[PDB]
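J.: Structure in structure tokens, see below.
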Amino acid sequence: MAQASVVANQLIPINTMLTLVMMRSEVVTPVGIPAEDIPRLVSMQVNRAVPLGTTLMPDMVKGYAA
């Protein structure tokens, strides 16, 4: 892609509220939540465990729509 996505900088356990240390920006495929959205994702909860290096997708965050 040349669009960058949000990917997990650490294992994010199920039902954790996202913080900034947990999210990095990388050009990965398939593309996930756009990297520009990282500030809007803080304090939202993920609904599954996200391992280190996994791309964050719209369906993994509770309450996300964009």
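Heads up, residue numbers simply count up from 1 along the chain you see.
According to its header, this structure was worked out by X-ray crystallography, 1.9 Å.
Keep in mind that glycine also has a Cβ here, set from the backbone N, Cα and C atoms.
Annotated site 'Important for ice-binding' per Swiss-Prot: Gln10, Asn15, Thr19, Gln45, in sequence order.
So where do these features actually land, and what's packed around them?
T.: Close to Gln10 (site 'Important for ice-binding') in the fold, though at least 6 residues off in sequence, lie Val21, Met22, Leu52, each with a CB less than 8 Å from its CB.
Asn15 (site 'Important for ice-binding') falls outside any helix or strand according to DSSP and counts as coil. Sequence-distant neighbours of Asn15 (site 'Important for ice-binding'): residues of the same chain at least 6 apart with a C-beta under 8 Å from its C-beta are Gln45, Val46, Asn47.
The Cβ of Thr19 (site 'Important for ice-binding') lies under 8 Å from the Cβ of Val42, each of these being in the same chain and 6 or more residues away along the sequence.
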J.: May I ask you to report the DSSP-based helix, strand or coil state of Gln10 (site 'Important for ice-binding')?
T.: coil
